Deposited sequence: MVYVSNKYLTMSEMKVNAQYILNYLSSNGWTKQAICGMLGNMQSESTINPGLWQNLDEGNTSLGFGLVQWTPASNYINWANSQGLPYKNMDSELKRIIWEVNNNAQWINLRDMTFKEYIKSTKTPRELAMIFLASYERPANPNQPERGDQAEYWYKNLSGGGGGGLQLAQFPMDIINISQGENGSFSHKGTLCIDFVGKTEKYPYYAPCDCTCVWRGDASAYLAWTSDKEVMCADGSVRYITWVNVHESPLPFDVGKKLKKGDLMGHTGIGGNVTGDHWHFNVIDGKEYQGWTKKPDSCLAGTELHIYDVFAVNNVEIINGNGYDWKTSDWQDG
């Protein structure tokens, strides 16, 4: 959903557009600050409307058009045609801006910042709105602090999850460095209240590997998460012993969705988590665990609303972090 028209948008309609642009350019590696600094500008140029002609003068290609009011409009519209993109279109316009960053276009460095620098900046959305104004837009009237106020407003009004321990109970049958099969590892075997006991997604995640032989699924958090130890990081983990395996590679789960059950794939759940967003298969040291940097389960996942029955004397922590 985007609002595209030759008419001034209300704040409700702009908010929808502003959210869309945030989502799109976020995936393209721009910072929330720089996107909002641009939004403050596009609010003044266009009410964040990709279909808007300057002064509502439809079809006048000598005047401004679209989100940043490309002037003359034909420079953009012609670029769009050459690129096989429909010109009056949100994504096409965002693709034009990305192109300008990638091709040393539009921007003039008047504030000791290049366009490539701009999109990675974490200066205030106010600061960056004014940098954008001076460098990209270059208006005849430079005194427009409202673009800054608008930037900071979109920063606050648009758009971390706390990693929650998957299961309702903690009851450890074999901890980190356990003698039977965890020597050298930070793995933990957990049992449920019964056989085949459910556990849930600690955060939005995706299934990245399936080992049918060894009965494991591997998962990677979609975003960086907030950990029980106050760390912010991507995480990757493995669930072993479920039978049959619930999902396939690519499967997407939201925080709290059913992720698996204990099993015999004695009934239990072997769990192991590493730092980062890269699954790297396995190693033995001397016992089997994930390759990569193992993290303590009790430092990563919070135990809010978990019944601890055993325990193993680990620093299990609750967290007051509130999910975005």
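- In this entry, the deposited residues absent from the coordinate set span 160 to 165, 272 to 275.
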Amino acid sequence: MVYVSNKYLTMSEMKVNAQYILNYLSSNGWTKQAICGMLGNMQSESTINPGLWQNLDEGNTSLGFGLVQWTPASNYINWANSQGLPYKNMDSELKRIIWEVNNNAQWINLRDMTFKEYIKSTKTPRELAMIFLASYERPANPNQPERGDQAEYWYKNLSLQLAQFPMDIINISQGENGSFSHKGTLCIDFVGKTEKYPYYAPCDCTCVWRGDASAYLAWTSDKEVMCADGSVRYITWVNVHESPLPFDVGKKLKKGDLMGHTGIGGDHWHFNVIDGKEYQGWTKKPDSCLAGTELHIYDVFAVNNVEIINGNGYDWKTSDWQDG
From here on, numbers count along this sequence of modelled residues.
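- The stretch 212 to 220 shows the higher mean C-alpha B-factor when 212 to 220 is compared against 168 to 176 in the entry.
- Mean CA temperature factor is higher for 57 to 65 when stretches 40 to 48 and 57 to 65 are set side by side in the entry.
- Remark: of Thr236, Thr71, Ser243, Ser135, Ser243 shows the highest value [criterion: C-alpha B-factor in the PDB entry].
- Across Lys284, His261, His270, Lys32, the entry's maximum B-factor at the CA atom is seen for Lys284.
- Among the modelled residues of its chain, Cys205 has a C-alpha B-factor that falls in the middle third, as given in the PDB entry.
- Ranked by Cα temperature factor within the chain, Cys227 sits in the middle third according to the deposited record.
- When the modelled residues of the chain are ordered by C-alpha B-factor, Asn89 sits in the lowest third.
- Ranked by C-alpha B-factor against the other modelled residues of its chain, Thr185 falls in the middle third.
- Among the modelled residues of its chain, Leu162 has a C-alpha B-factor that falls in the middle third, as given in the PDB entry.
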